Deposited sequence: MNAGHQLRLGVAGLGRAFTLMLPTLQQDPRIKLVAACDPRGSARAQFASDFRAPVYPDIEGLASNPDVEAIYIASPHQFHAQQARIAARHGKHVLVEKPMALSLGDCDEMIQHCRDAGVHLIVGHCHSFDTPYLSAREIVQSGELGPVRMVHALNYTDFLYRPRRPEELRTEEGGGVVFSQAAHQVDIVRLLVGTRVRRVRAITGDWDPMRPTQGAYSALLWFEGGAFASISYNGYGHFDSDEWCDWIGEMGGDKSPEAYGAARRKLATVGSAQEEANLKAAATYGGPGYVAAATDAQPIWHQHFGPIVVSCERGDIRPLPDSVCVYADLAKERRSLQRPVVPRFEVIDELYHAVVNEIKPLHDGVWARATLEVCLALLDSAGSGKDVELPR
């Protein structure tokens, strides 16, 4: 309708992170949920006075549900979608889309057949400062992008096989895909794994070659020592102030975009443009609803049939990059992208 009857599949962390968006946004009503855990079902049914179910089989059979936000573990993503599609439901699934490229192909096909929209869940490439930055790149005001440099140093690895590559490199790659705006053509990466305790790849650095000359360097460190939010005006990833409650925009650490005539540096509270004149802080409005840019995508895809940017085909390319990384670090070698 005017308002959008939304069903949630998977009632954990992704869900709770997404939760204050869903309430606050006038265009969204939560109408139904599913989870295997009944205490979650008990939970949801109570707060929302709404039907709950064991499987997605339940939620997708409910005629009152217009689209399903799939917010469960990665390995269920593909199957869950294939079903929601079967029953004519729009899908918003969380990063990563899926673990495999095949999975992705199927997901996009199952959705194309059922003729329903497929969007990928809060990616940080949705955040206003970045979208605002891409606008500046779009305008051609600073000429084209030549070099992107992005870092993030977080406590993720200690927040209470790939791990950081698939969850965290995704956000990072998606922002750089967003901002450069051309295709990724080659990737070269090093992962670090140096805590026995938490024996996963906890940091990386990578080089990306882009179509038409631009290149990018991405570095992630998750071992929770240095906190890169110091260089983002002491605003946390979810918009809250960490400085030593009207939140700010979301981000994924320090990014610098170098274009021919200038440097763009998006912030949670503004976008700085370093130019031929000099410094410009063009400030941003305090987001009224957190992560509302995700809803707009969904809302306008379903109500007004507008191609969403962050569709299944986009997400698939980011994943492609994620795999290429882990292959580069995995072997000794570069990975060209066909």
Counting from 1 along the deposited sequence, the ranges with no C-alpha atoms are 1 to 3, 164 to 173, 258 to 297, 392
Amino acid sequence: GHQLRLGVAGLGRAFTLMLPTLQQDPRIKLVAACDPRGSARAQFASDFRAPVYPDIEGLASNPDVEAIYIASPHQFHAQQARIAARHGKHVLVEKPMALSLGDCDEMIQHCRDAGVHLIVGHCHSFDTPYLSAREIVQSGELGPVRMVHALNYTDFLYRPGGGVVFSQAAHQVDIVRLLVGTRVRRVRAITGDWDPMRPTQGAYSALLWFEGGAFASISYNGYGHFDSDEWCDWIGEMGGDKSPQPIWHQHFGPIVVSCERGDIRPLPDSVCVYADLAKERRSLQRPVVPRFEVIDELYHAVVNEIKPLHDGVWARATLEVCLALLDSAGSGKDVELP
From here on, numbers count along this sequence of modelled residues.
Looking at the entry, does 98 to 106 or 212 to 220 show the higher mean C-alpha B-factor?
98 to 106
Please work out which of 46 to 54 and 275 to 283 has the higher mean CA B-factor as recorded in the PDB entry.
275 to 283
Out of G181, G253, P266, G163, highest CA B-factor residue:
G163
Highest Cα B-factor in the deposition, which of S132, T200, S258, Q172?
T200
Check where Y153 lands among this chain's C-alpha B-factors and tell me if it's the lowest, middle or highest third.
lowest
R41: C-alpha B-factor third of its chain, per the entry, is the highest
Hey, what third does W231 fall into on Cα B-factor, ranked over its chain?
middle
Could you place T16 in the lowest, middle or highest third of its chain by Cα temperature factor, using the values in the record?
middle
What third of its chain's C-alpha B-factors does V288 belong to: lowest, middle or highest?
highest
